[PDB]
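Cβ placement follows ideal geometry from the backbone for every residue including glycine, while neighbour counts extend to all protein chains displayed. Read-outs: derived from the displayed coordinates by stated rules, not from any lab.
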Amino acid sequence: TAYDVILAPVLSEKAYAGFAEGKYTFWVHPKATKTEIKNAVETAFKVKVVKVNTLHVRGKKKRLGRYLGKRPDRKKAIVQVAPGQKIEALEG
Amino acid sequence: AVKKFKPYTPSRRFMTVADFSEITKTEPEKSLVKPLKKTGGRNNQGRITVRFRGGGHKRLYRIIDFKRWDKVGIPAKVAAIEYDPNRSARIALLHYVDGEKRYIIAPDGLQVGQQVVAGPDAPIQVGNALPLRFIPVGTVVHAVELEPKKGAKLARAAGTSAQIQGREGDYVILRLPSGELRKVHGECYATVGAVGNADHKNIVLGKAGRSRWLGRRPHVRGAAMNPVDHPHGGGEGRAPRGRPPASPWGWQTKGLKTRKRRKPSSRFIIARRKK
Amino acid sequence: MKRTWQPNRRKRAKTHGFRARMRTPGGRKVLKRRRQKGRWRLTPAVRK
RNA sequence: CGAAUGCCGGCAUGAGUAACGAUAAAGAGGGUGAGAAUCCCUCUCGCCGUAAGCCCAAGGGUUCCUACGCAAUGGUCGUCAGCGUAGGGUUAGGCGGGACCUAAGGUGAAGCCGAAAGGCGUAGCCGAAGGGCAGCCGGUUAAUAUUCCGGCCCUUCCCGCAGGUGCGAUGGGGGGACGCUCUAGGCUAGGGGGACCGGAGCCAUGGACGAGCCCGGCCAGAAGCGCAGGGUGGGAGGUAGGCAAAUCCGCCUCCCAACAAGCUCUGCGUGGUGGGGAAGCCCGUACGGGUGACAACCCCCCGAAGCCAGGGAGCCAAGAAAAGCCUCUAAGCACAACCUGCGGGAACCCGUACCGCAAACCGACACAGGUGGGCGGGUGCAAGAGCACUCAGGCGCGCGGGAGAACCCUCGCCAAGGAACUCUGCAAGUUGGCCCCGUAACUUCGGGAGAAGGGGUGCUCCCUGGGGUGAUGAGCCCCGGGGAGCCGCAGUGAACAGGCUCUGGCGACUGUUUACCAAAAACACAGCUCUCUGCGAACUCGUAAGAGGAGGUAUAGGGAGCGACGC
RNA sequence: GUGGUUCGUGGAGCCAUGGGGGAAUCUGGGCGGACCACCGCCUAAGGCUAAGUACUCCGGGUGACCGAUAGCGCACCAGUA
Ligand SMILES: [Mg+2]
Ligand SMILES: [Mg+2]
Ligand SMILES: [Mg+2]
Ligand SMILES: [Mg+2]
Ligand SMILES: [Mg+2]
Ligand SMILES: [Mg+2]
Ligand SMILES: [Mg+2]
Ligand SMILES: [Mg+2]
Ligand SMILES: [Mg+2]
Ligand SMILES: [Mg+2]
Ligand SMILES: [Mg+2]
Ligand SMILES: [Mg+2]
Ligand SMILES: [Mg+2]
Ligand SMILES: [Mg+2]
Ligand SMILES: [Mg+2]
Ligand SMILES: [Mg+2]
Ligand SMILES: [Mg+2]
Ligand SMILES: [Mg+2]
Ligand SMILES: [Mg+2]
Ligand SMILES: [Mg+2]
Ligand SMILES: [Mg+2]
Ligand SMILES: [Mg+2]
Ligand SMILES: [Mg+2]
Ligand SMILES: [Mg+2]
Ligand SMILES: [Mg+2]
Ligand SMILES: [Mg+2]
Ligand SMILES: [Mg+2]
Ligand SMILES: [Mg+2]
Ligand SMILES: [Mg+2]
Ligand SMILES: [Mg+2]
Ligand SMILES: [Mg+2]
Ligand SMILES: [Mg+2]
Ligand SMILES: [Mg+2]
Ligand SMILES: [Mg+2]
Ligand SMILES: [Mg+2]
Ligand SMILES: [Mg+2]
Ligand SMILES: [Mg+2]
Ligand SMILES: [Mg+2]
Ligand SMILES: [Mg+2]
Ligand SMILES: [Mg+2]
Ligand SMILES: [Mg+2]
Ligand SMILES: [Mg+2]
Ligand SMILES: [Mg+2]
Ligand SMILES: [Mg+2]
Ligand SMILES: [Mg+2]
Ligand SMILES: [Mg+2]
Ligand SMILES: [Mg+2]
Ligand SMILES: [Mg+2]
Ligand SMILES: [Mg+2]
Ligand SMILES: [Mg+2]
Ligand SMILES: [Mg+2]
Ligand SMILES: [Mg+2]
Ligand SMILES: [Mg+2]
Ligand SMILES: [Mg+2]
Ligand SMILES: [Mg+2]
Ligand SMILES: [Mg+2]
Ligand SMILES: [Mg+2]
Ligand SMILES: [Mg+2]
Ligand SMILES: [Mg+2]
Ligand SMILES: [Mg+2]
Ligand SMILES: [Mg+2]
Ligand SMILES: [Mg+2]
Ligand SMILES: [Mg+2]
Ligand SMILES: [Mg+2]
Ligand SMILES: [Mg+2]
Ligand SMILES: [Mg+2]
Ligand SMILES: [Mg+2]
Ligand SMILES: [Mg+2]
Ligand SMILES: [Mg+2]
Ligand SMILES: [Mg+2]
Ligand SMILES: [Mg+2]
Ligand SMILES: [Mg+2]
Ligand SMILES: [Mg+2]
Ligand SMILES: [Mg+2]
Ligand SMILES: [Mg+2]
Ligand SMILES: [Mg+2]
Ligand SMILES: [Mg+2]
Ligand SMILES: [Mg+2]
Ligand SMILES: [Mg+2]
Ligand SMILES: [Mg+2]
Ligand SMILES: [Mg+2]
Ligand SMILES: [Mg+2]
Ligand SMILES: [Mg+2]
Ligand SMILES: [Mg+2]
Ligand SMILES: [Mg+2]
Ligand SMILES: [Mg+2]
Ligand SMILES: [Mg+2]
Ligand SMILES: [Mg+2]
Ligand SMILES: [Mg+2]
Ligand SMILES: [Mg+2]
Ligand SMILES: [Mg+2]
Ligand SMILES: [Mg+2]
Ligand SMILES: [Mg+2]
Ligand SMILES: [Mg+2]
Ligand SMILES: [Mg+2]
Ligand SMILES: [Mg+2]
Ligand SMILES: [Mg+2]
């Protein structure tokens, strides 16, 4: 369930910009807690998390034909890692 | 006295304001025996039951002592005479040697520094409260109870009082503020003296506001309305009533008696009123 | 001029809201009726 | 089916007609492009600027940014867009809500009532734009920022250590804690000068190298010091009260002290120090960046409606609650516990884009309407948030180009007359600020007073008196007094800016009303009278419980008519 | 005082019952349309009890039922816009 909290990396100009500092941003469970995420990240990518910021991301309303809908709402979590520490998997 | 003004504005040539001398000695009320938000509101559960009420200045409620038999025997010195927005009379804040503080509706002549006390051996004199049957017939008293232990109900408005006309069994006979002769049980507590601030009845409001400040909204006459609204409504161009003067509900309003007939409360009342 | 619709969210919820409709038999009946009718929205769509 | 102002749909007529939504306004040169008066840039021009600028709350819900785009939506056009497709974008212990408090009201253990449904209702609970509560200044993005980064500064928890103490409440007491108007002393925000520091440059068209012109001369900052203020007496004995449990509070008594001090708490100065830092020129379609300096960062003056705040005075209509907080002790427990240091940890949920007096909200519309709070510079006019011009910023109104008819609107002027107009001086004009003279009947002696009626009003030079800040001197502000003289048709030279009087009716007066044809002699109103009500009051609602009346009590309540006042 | 039944005060019984009064245990008590006497019928003031009957959201089978202005409001991504 620790690998159920982190859904995937975000991938985007802005997100990468964080990598310089220990700042990795992820798409996480809409309900996940800052504290829940800290742990999830620690055991998943074996690191020391020291700060966690999160923000909700409302889904973009879309329309394909006369059929109108929305994209699923999401939560974005940007976890800051202990000085000089890298989440290998997200580098490259 | 009463404050007059020079006609520097119309309406100001008429209003007069109370003479706040008896009062004084204190403004802010006693935080302890007054903490009680007064719940304002001119009607019951949503519906207006008493026409034309509302608006009017905010008010804190000073809780007063309408039964002094609690502290029988404990004397108390008169601390101050204050203003009380919720009554015609003023109130006297008193310090019981007990420590306990209480508010009494300030009797006429009761001065700061004096000492008052309640009970059957209370020294018959302005301020003290005793069971009627212990007060010298002929004595003028105020804040009388109507039934033993149910609290003070008669003679409380500014400058009112009752006089003991006679004794008779467990009952004593009083002459109420209305001129009525009532038999009131001898155990009913009453406090010697007249209510005070008897000058209340003479202040002239002076203007339409002021009436508003006291929380009295405009009263519209029946004649000024349409038939749907009141029996006196309608008629082309100013009417003459239409016989006979009645209320918006229908009951005649000139002389028709309203006291419940077979009321047991009779018997005990000997005389009726002033005319 | 000042028109009749003055949107207020708290108001809308407290007045037409699901819980408000439940408090009384008269409102519980509305829900029953909308449902039976197959209405997609049983209660005025509103959020915060 | 031919008819029902029939019903659904389609397409005609009017018609290339009225319209294209405020008369704040346009012109040109470049560029892009298949094509643009309509997109981009540059330069002119006009408008708003108590704004038509900036910020917050509501409401709205991606409208934000960007790349491709132009069928349609845009009242024209379109390469452009609040539009199509797609991708990005909203970061919090300290900002706002929630793991706090109570308000009306709502709900509701007990309890009451009602054919049923259901109506009440004590305690409690819920309830906010009120009380409580620790973050300010900068820098960064295409798009967030007291949230990321930087500096400086804080708050709660938990554990340990050391040192103190009767520690311990959901109970007690204090405190929270409250009005209107007018106000003092200090400050701060904000603004104005500076011959003074810093600064690219500029002497044009006759003159000026000039104290010349132009720009900038700030912000944050713990402890500690300063300056202004706010809050508070200290003792010692008794002790019936705070539904006594208290060393607390409350009362009594006397040993001190008493526009204070002291202790405390805020505000503002300063503070190690961190940051910011114009015009102009160069780079750039765009956004910006260098800059331009190692930038100076100082001095006077004006000054809040803001802060010190729980300040002071006066007044009557007499001005929430509860928690946090301090304190008291009950059970308990005193090898717990609380309290102060110091270390090491912990600190969740939601909001955060964007519009926001508007083309994104409410009005079917990119509607000349409606929308709560804060900032809202300068000069002049007596003052001001008024008026005219302008900073910063934002715009010229999302069809144009011509023509110089009738007529319509909005505006300007007019010979002689001057209300002859007309239901009516309706409309329009006249008068209009300020100062000084001077003002009638009548009057309730306040009024009528801006009554009327006049006179003055610019500028230059000379002299002279008061005050504020400095320092008592100069400056700088602020009100004046007397002289001479100058020029226009005209001196509140523009904008804002009463026409006056006499006499009747009706209401006393201020006020209220038929949201969209009536604002009035109508309603209201202080005041007067009649009448009911003895308090489980009368009356009102309700079947009832219950509630209003009123936690009121005859100088009260209810109802009715009249409507200051005079007779 | 009322309701029920065909019964609307009617000659108004029967069955229920809000009010008042108020028994007896088969030598009892109700009924047969005022009431009385005969002749009869039946056992009140406790409860339970299949089947036959009603309906159609749902599944199926049929139609001198419709055939996209018809047929359900919807043959279609409709209780939607
Ligand atoms: Mg967040
Ligand atoms: Mg209520
Ligand atoms: Mg009236
Ligand atoms: Mg009328
Ligand atoms: Mg009538
Ligand atoms: Mg009524
Ligand atoms: Mg609407
Ligand atoms: Mg509301
Ligand atoms: Mg709707
Ligand atoms: Mg036809
Ligand atoms: Mg025919
Ligand atoms: Mg037809
Ligand atoms: Mg048609
Ligand atoms: Mg045509
Ligand atoms: Mg033509
Ligand atoms: Mg034509
Ligand atoms: Mg034409
Ligand atoms: Mg035309
Ligand atoms: Mg237009
Ligand atoms: Mg136009
Ligand atoms: Mg103009
Ligand atoms: Mg202008
Ligand atoms: Mg203006
Ligand atoms: Mg919002
Ligand atoms: Mg969209
Ligand atoms: Mg955009
Ligand atoms: Mg483009
Ligand atoms: Mg077009
Ligand atoms: Mg778009
Ligand atoms: Mg809560
Ligand atoms: Mg209730
Ligand atoms: Mg309640
Ligand atoms: Mg609560
Ligand atoms: Mg709050
Ligand atoms: Mg608050
Ligand atoms: Mg932005
Ligand atoms: Mg920071
Ligand atoms: Mg203790
Ligand atoms: Mg208290
Ligand atoms: Mg300068
Ligand atoms: Mg210089
Ligand atoms: Mg020259
Ligand atoms: Mg300057
Ligand atoms: Mg400072
Ligand atoms: Mg400083
Ligand atoms: Mg001030
Ligand atoms: Mg509580
Ligand atoms: Mg939680
Ligand atoms: Mg924002
Ligand atoms: Mg507006
Ligand atoms: Mg506003
Ligand atoms: Mg437009
Ligand atoms: Mg508009
Ligand atoms: Mg407004
Ligand atoms: Mg000025
Ligand atoms: Mg002026
Ligand atoms: Mg500009
Ligand atoms: Mg338009
Ligand atoms: Mg003329
Ligand atoms: Mg002439
Ligand atoms: Mg004429
Ligand atoms: Mg004529
Ligand atoms: Mg006129
Ligand atoms: Mg001149
Ligand atoms: Mg000063
Ligand atoms: Mg003027
Ligand atoms: Mg004027
Ligand atoms: Mg005027
Ligand atoms: Mg009038
Ligand atoms: Mg008026
Ligand atoms: Mg009104
Ligand atoms: Mg009207
Ligand atoms: Mg109105
Ligand atoms: Mg009017
Ligand atoms: Mg009108
Ligand atoms: Mg009743
Ligand atoms: Mg009450
Ligand atoms: Mg009248
Ligand atoms: Mg019947
Ligand atoms: Mg019958
Ligand atoms: Mg019965
Ligand atoms: Mg019976
Ligand atoms: Mg029977
Ligand atoms: Mg019978
Ligand atoms: Mg029978
Ligand atoms: Mg029978
Ligand atoms: Mg028979
Ligand atoms: Mg039988
Ligand atoms: Mg049986
Ligand atoms: Mg049986
Ligand atoms: Mg059965
Ligand atoms: Mg059965
Ligand atoms: Mg069947
Ligand atoms: Mg159909
Ligand atoms: Mg067909
Ligand atoms: Mg179907
Ligand atoms: Mg249909």
Enumeration of residues in the stretch B:1-58 that are among the small types (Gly, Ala, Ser) and more than 27 Å from B:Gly113 (Cα to Cα): B:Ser11, B:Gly40, B:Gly41, B:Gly46, B:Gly54, B:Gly55, B:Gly56
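Tell me which residues, restricted to the stretch B:131-165, are assigned to a strand (DSSP E or B) and either in contact with a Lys or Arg (Cβ under 9 Å, 6 or more places away or on another chain) or of a type in the set (D, E, K, R) (or both).
B:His142, B:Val144, B:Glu145, B:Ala152, B:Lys153, B:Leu154, B:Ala162, B:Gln163, B:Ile164, B:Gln165
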Wholly enclosed helices (runs of 4 or more DSSP H) of chain C bearing at least 1 residues within 14 Å of chain A (Cβ to nearest Cβ), within 12 Å of the chain's Cα centre (by Cα) and surrounded by 12 or more Cβ atoms within 10 Å (Cβ to Cβ): none
Identity of the residue in the stretch B:37-54, touching a residue at least 24 places away in the same chain (Cβ under 8 Å) and at positive phi, that ends up surrounded by the most Cβ atoms within 10 Å (Cβ to Cβ): B:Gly54
Any hit, the stretch B:119-134, residues being within 16 Å of ligand 78 (Cβ to nearest atom) and surrounded by fewer than 17 Cβ atoms within 10 Å (Cβ to Cβ): no
Residue match in the stretch A:32-45 (condition: surrounded by 16 or more Cβ atoms within 10 Å (Cβ to Cβ), of a type in the set (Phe, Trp, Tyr) and part of a strand (DSSP E or B)): no
